[PDB]
Amino acid sequence: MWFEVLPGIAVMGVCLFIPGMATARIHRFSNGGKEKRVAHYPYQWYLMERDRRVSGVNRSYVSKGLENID
Amino acid sequence: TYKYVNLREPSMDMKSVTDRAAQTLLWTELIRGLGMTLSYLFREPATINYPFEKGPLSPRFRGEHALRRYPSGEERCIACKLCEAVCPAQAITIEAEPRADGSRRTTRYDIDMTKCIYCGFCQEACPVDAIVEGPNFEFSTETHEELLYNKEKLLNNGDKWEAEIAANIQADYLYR
Amino acid sequence: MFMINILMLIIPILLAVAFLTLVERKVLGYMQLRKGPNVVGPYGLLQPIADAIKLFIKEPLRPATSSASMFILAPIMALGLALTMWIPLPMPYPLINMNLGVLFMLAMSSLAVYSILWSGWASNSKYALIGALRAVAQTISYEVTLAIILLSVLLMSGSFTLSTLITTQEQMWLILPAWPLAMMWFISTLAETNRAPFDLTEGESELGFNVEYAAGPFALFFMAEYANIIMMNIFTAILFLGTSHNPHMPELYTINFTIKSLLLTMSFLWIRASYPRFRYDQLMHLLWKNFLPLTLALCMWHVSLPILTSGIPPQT
Amino acid sequence: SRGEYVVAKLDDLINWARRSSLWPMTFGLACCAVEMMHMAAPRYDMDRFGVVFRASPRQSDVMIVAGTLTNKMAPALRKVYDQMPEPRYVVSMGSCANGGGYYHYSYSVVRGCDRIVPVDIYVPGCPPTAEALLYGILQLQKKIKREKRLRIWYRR
Amino acid sequence: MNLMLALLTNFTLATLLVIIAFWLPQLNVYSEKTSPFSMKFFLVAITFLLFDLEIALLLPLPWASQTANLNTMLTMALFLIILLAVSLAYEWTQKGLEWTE
Amino acid sequence: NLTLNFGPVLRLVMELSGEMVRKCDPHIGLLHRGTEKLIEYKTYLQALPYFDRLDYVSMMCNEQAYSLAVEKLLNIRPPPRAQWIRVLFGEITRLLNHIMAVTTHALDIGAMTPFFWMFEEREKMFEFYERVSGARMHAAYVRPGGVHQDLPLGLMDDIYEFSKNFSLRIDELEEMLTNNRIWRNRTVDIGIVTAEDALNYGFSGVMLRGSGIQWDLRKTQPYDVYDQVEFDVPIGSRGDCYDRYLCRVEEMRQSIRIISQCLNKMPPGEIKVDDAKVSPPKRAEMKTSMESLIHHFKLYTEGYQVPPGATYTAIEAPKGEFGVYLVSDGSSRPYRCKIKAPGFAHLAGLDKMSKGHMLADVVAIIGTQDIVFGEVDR
Amino acid sequence: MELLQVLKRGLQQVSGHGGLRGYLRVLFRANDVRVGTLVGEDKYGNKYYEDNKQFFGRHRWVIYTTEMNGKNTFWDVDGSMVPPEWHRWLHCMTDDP
Ligand SMILES: CCCCCCCCCCCCCCCCCC(=O)OC[C@H](COP(=O)([O-])OCC[N+](C)(C)C)OC(=O)CCCCCCCCCCCCCCCCC
Ligand code: SF4
Ligand code: SF4
Ligand code: SF4
């Protein structure tokens, strides 16, 4: 019957699902549980590089807040 | 009597002209075609599960040739060569001689299954129902020689399929 | 971790292409009142694997090519570019977040024409070269409308960033304000990928350029061709059927986005089973005399519409 | 694991791949092509066994000689057999291809396509039913299943 | 760097598949087998090139709408598209978009 | 001009001035088998199967043409029930041909799906063939003097059930083709044939009626019981491939109309001429009567003698006028048997119909002529 | 409603074949998991089923034996293994098994 086509579509659906899921999960793993920072314009990159210097460790995704101010 | 297939005049009123303009720009008749293929997607396919299911046949089916016997085991063929004379492809070669007990029997009965056209004229011309076309249609070989049948092969086919050949003849001899 | 991401994209793309062949043979089968592959594995699930193994252990013809350097370059270019058009796709997060991602996909798609033209030379047959030329004319002609249609849609988006199309469609699908462009974008994707009713290469009794290839190299062109069908239909969903993106549940986007791309991919099989084939001059007159006049007019209407409605999108 | 065991398994894998993906090129010459088209029709649907409906001569794995082969046509049949990548099998469908058939004694007929090309399976009938042809194809799969190329290579 | 890795990976994989596609079957040892310019096609390619050059001038339209000179910008945007339409109209009426000899 | 020896059972030697076609030279004989010469060595009964294999999509129509020719020379008349079966299976066979003609024509130009739908209907008409004769295609059922066997009990019910649902099958074919613009672009104004040229070039069948010529041998020179059934003859107005396509679709509809009447008006009685010097006796009486056994023996060894004479007998076969010029010398074996295939004259006109069209149109023109090379080559 | 009864028919196919193991056996041998009415078994082990709610052609089928004449036919089933007595019934040449 027609529903015997679903097994092929489900496999194709799972295959098309891994690239989206994998990329989203790797970004959060590589960026401390946050989304990867987007720098399309120089201003965004300037802030991101500044975060690298302000974080201590040379990581832009390690954010420092009020506890870092005297 | 006759009828015209393509002799219509398209109405040129504004509504009809706009109906054709919508058909041209909105692809109405093309989507109507997608509807028909969509419906077939949800019908039950007509495919059967061969070899576990087989296509329907009838008692008259003209399959593999075979030689039959009487209920006593005596061969029906008495070497009359009517099948040989009628065979349009000249696929039958027969030789005969008086048997040891004096009966009229064949010492050769070959059907070249690669000259045969499976016409059935042999089973029609036989006066003793000796040569028949049985119901088997699955006997493809791996070599050309295996399709040159002799008397031993044809008799074996009769002994093999006599259970089904007799029932087919019983169900059709009244139409003959 | 980035290298793992690349392979997490490349392998599923090929696997999806492997099982799009099974889906196409079964969706075509049921639309034709039959089943399609259901013997090789449960419901034909192992059919793509059998075909793949069989092709790669069959002797390749490899005739006396004119060059033998364009004979290897062509399949490499075809499959290299097909995989390269996925790296900017947001699903919802791109592998590579390009600012001009939309323009990058147009550029790579235009380079794919060289695969047809290089394999036509390597064929060494004059007739095989004529078929390649007709395929190039069809491909370049129908990417004129892709560029202008894409430009018209971006005037409602505001940039060439692919991930901005997600924001642009956060209240409504772009299929609504731009369904006329959607109709002409969908058909241009069919013509770009040489899909029916625009498949003259496979349109026996008239013409394929990739005919001297067989077994393995043939499978490389086939994988590239079927990888672009998925990619084009993924692009269509992003461009006209945007999916809402919740940053805390990114898998919801992927599930919804995946379903839309499958339905559009199956529409390609739906169309192939329903219509006859265009003549070569008829699909040229479809582009030059029907699509192009409308695409130019709609482009003017879409440059001016945001201005007169005070609805110009943000530059960033 | 012994070498005779690895080679035995590799034979099954390649044998399974080849018999599960038999793409035929059909020489539809005469009436037997109509029965060949009925094997592709919904009733039997050759495509569900992995047998694609129509395949180009440079992608095909088996040639089905379906119809009378005349002298005028014999050179072009050999020309297509020689251009078919290996492994390549040939199936003779019907009496005309088998041994000449109704036209065995004609001045213009090749008395069997097996004097022009090697043949692997003979399907008898005039025409063989769509089911009798499907039996031949399934019989070719079993023939391919018995091949022992790798095992024979390992014993050279 | 990420982009360079992606490009290198895609084409490296494409190359490896091609080489092992021309030689994997050669693991098997099969028996040795032995043994007009058309002016209309050229016109299509040239027309595409010229139409493709006028697209190049239209691509920056999304950025052009951000100016404070919308009256000037909209006037020239419609000028380029209209002349692109006049180019099509000329070939159309001169039998340039035809395939019958 | 570029020359293309396309080659293979059709070889076209064409010279092209770009996209256009300037000269088309069909090369035939790739399926020439000497059918006409072999028949001279066969008795009149042995030669009958040769006519199933000429136009192998319209088997029983070919058998009927040869049966009428021999009966005319024999000066006998098949019984009325045999003539209703021959008309009944004459029109079932027209459906088999037109399904093949319309759907392979559509298959060649890209439309692949209607082929499968209508071949499930062909697979059910092949069961009617196999139930009356035991063969799906080559029945050898229609013979001089009538038919071979009476219809099996329960057959006409199944034909009624089949004919009841078939009009919907055609309607689905037309939902895919008739109004489809892509299909109208491939056929409208393609292969236009003027009425005067069609007559001079020896055309027949839909090739004439598609150009407005009102001619159909079933109505002008009726045979069997075709003057006792009401049906209409489709007539085109433009002479293009689209008009011929519509004609073939409408004939499939008028065939269901004739079939509906053959079932209702099927009479009783014997099914082969009650003249044992032409038709073989019943088997039961062959095994009890001396005269019946002698005639069975002679009819199957020597055959019947046909009085001397020559006739040209033609019928409205699905592909056009199919006829035989049959010469009898007075013996049991025909002296000469020329077969007039409708597709032989149609193909000879491919060079004219294709003048001024593109290469892809030659595929559409060949489909519209409905060419099967079994009858062209013979 | 009918939606829920469809999923129940699928489940009872597993029970109608004798558990999961039997269900998978007929899925990998016969590529079909319908449940029919056992009409009989021949001397070689072939089992013949029927179901008259299926359309003509699919209302009679044979599940071939796993061993015939000393040959292992678990995977290598052949259409010629049906004996003549069951050949006539399985091909709808008669109504009587
Ligand atoms: C208030 C201001 C509003 C301004 C905007 C106003 C817009 C008003 C509407 C304008 C008309 C709409 C234009 C639509 C495009 C028309 C293209 C055209 O020219 O058609 C004629 C063309 C050809 O027309 P023709 O061949 O019949 O004739 C042309 C003209 N003559 C007669 C002179 C030759 O039709 C086609 O394009 C054929 C399509 C090929 C087959 C494709 C199958 C389609 C299957 C359905 C797919 C559905 C799309 C799904 C999209 C999903 C995407 C997510
Ligand atoms: S079926 Fe016909 S051709 Fe075949 S052996 Fe019998 S009589 Fe001869
Ligand atoms: S098989 Fe029958 S017809 Fe032939 S020789 Fe024997 S008895 Fe005579
Ligand atoms: S074997 Fe029979 S069906 Fe096949 S081509 Fe010859 S005569 Fe025709």
> In segment C:242-272, how many residues are over 21 Å from residue C:175 (Cβ atoms) and facing another protein chain (nearest Cβ under 7 Å)?
Replying inline: 3
>> Among the residues in segment F:301-324, are any over 22 Å from the mean Cα position of the chain (by Cα), assigned to a strand (DSSP E or B) and surrounded by fewer than 18 Cβ atoms within 10 Å (Cβ to Cβ)?
In response: yes
>> Restricting to segment C:78-100, count the residues that are in contact with a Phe, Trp or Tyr (Cβ under 6 Å, 6 or more places away or on another chain) and either surrounded by fewer than 22 Cβ atoms within 10 Å (Cβ to Cβ) or assigned to a helix (DSSP H, G or I) (or both).
In response: 4
> What is the number of the single condition among (1) within 16 Å of ligand 2 (Cβ to nearest atom); (2) of a type outside the set (D, E, K, R); (3) under 25 Å from residue B:141 (Cα atoms) that residue B:77 does not meet?
Replying inline: (3)
> List pairs: first in segment C:37-51 and facing another protein chain (nearest Cβ under 7 Å), second of a type in the set (D, E, K, R), Cβ under 6 Å, 6+ apart or cross-chain?
Replying inline: C:37/C:25; C:37/D:48; C:38/D:48; C:39/D:48; C:43/A:4
> Which one of these is within 14 Å of chain D (Cβ to nearest Cβ), outside any loop (DSSP other than H, G, I, E, B) and more than 28 Å from residue D:126 (Cα to Cα): F:16, F:12, F:107?
Replying inline: F:12
> Among the residues of segment B:121-134 satisfying the criterion of being within 14 Å of chain D (Cβ to nearest Cβ) and not hydrophobic (A, V, I, L, M, F, W, C), which is nearest to ligand 4 (Cβ to nearest atom)?
Replying inline: B:133
> Among F:327, F:278, F:273, which is over 30 Å from residue B:174 (Cβ atoms), among the β-branched types (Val, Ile, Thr) and more than 14 Å from every other protein chain (Cβ to nearest Cβ)?
Replying inline: F:327
>> Tell me yes or no: at least one residue of segment C:259-274 is away from ligand 2 (no atom under 16 Å from the Cβ), assigned to a loop (DSSP other than H, G, I, E, B) and over 24 Å from the mean Cα position of the chain (by Cα).
In response: no
>> On the basis of being within 18 Å of the chain's Cα centre (by Cα) and either farther than 27 Å from residue C:100 by Cβ or part of a helix (DSSP H, G or I) (or both), does residue A:18 make the cut?
In response: yes
>> Would you confirm, using the coordinates I've provided, whether residue F:276 is surrounded by fewer than 16 Cβ atoms within 10 Å (Cβ to Cβ) and at negative phi?
In response: no
>> Looking at segment B:51-61, can you tell me whether even one residue there is within 14 Å of chain D (Cβ to nearest Cβ), within 14 Å of ligand 2 (Cβ to nearest atom) and either assigned to a strand (DSSP E or B) or on the phi < 0 side of the Ramachandran plot (or both)?
In response: yes
> Does residue C:161 count as over 30 Å from residue A:24 (Cβ atoms), out of contact with any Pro (no Cβ under 7 Å at 6 or more places or on another chain), among the β-branched types (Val, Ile, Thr) and buried (at least 18 other Cβ atoms within 10 Å of the Cβ)?
Replying inline: no
>> Quick check on residue A:67: is it within 19 Å of the chain's Cα centre (by Cα), part of a helix (DSSP H, G or I) and surrounded by fewer than 15 Cβ atoms within 10 Å (Cβ to Cβ)?
In response: no
> So is residue C:196 in contact with a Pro (Cβ under 6 Å, 6 or more places away or on another chain), of a type outside the set (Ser, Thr, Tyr) and either closer than 25 Å to residue C:18 by Cβ or surrounded by fewer than 22 Cβ atoms within 10 Å (Cβ to Cβ) (or both) or not?
Replying inline: no
> Do you know which of the residues in segment B:62-101 that are within 16 Å of ligand 4 (Cβ to nearest atom) and within 25 Å of residue B:171 (Cβ to Cβ) is farthest from the other protein chains (Cβ to nearest Cβ)?
Replying inline: B:65
>> Suppose we filter B:109, B:118 for residues that are crowded, with 21+ Cβ neighbours inside 10 Å and either within 16 Å of ligand 4 (Cβ to nearest atom) or on the phi > 0 side of the Ramachandran plot (or both); which single one remains?
In response: B:118
> If you scan segment F:220-253, which residues turn out to be more than 8 Å from chain B (Cβ to nearest Cβ), over 20 Å from residue F:371 (Cα atoms) and outside any loop (DSSP other than H, G, I, E, B)?
Replying inline: F:220, F:226, F:227, F:228, F:253
> How about segment C:146-183: which of its residues are facing another protein chain (nearest Cβ under 7 Å) and under 21 Å from residue C:307 (Cβ atoms)?
Replying inline: C:148, C:151, C:154, C:155, C:158, C:159
> Do any strands (runs of 3 or more DSSP E) lying entirely in segment D:45-156 carry at least 1 residues that are within 9 Å of chain B (Cβ to nearest Cβ), and which ones are they?
Replying inline: D:89-93, D:121-123
> Which of the residues belonging to segment F:333-371 are basic (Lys, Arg) and either part of a helix (DSSP H, G or I) or within 15 Å of the chain's Cα centre (by Cα) (or both)?
Replying inline: F:340, F:352
>> Just to be sure I understand, how many residues within segment B:146-163 are at the interface with another protein chain (Cβ under 10 Å from one of its Cβ atoms) and either out of contact with any strand residue (DSSP E or B) (no Cβ under 7 Å at 6 or more places or on another chain) or farther than 18 Å from residue B:119 by Cα (or both)?
In response: 5
> When you go through (1) within 8 Å of chain D (Cβ to nearest Cβ); (2) farther than 20 Å from residue B:38 by Cβ one by one for residue C:29, which number turns out not to apply?
Replying inline: (2)
> What pairs can you find where one residue is in segment E:88-101 and more than 17 Å from residue E:46 (Cβ to Cβ), the other is among the small types (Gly, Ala, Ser) and surrounded by 14 or more Cβ atoms within 10 Å (Cβ to Cβ), and their Cβ atoms are less than 7 Å apart, with a gap of 6+ or different chains?
Replying inline: E:101/F:18
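For neighbour counting, all protein chains shown are included, and Cβ atoms are generated from backbone atoms with ideal geometry for every residue, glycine included. A short reminder: the numbers here are calculations on the coordinates, not readings from a lab.
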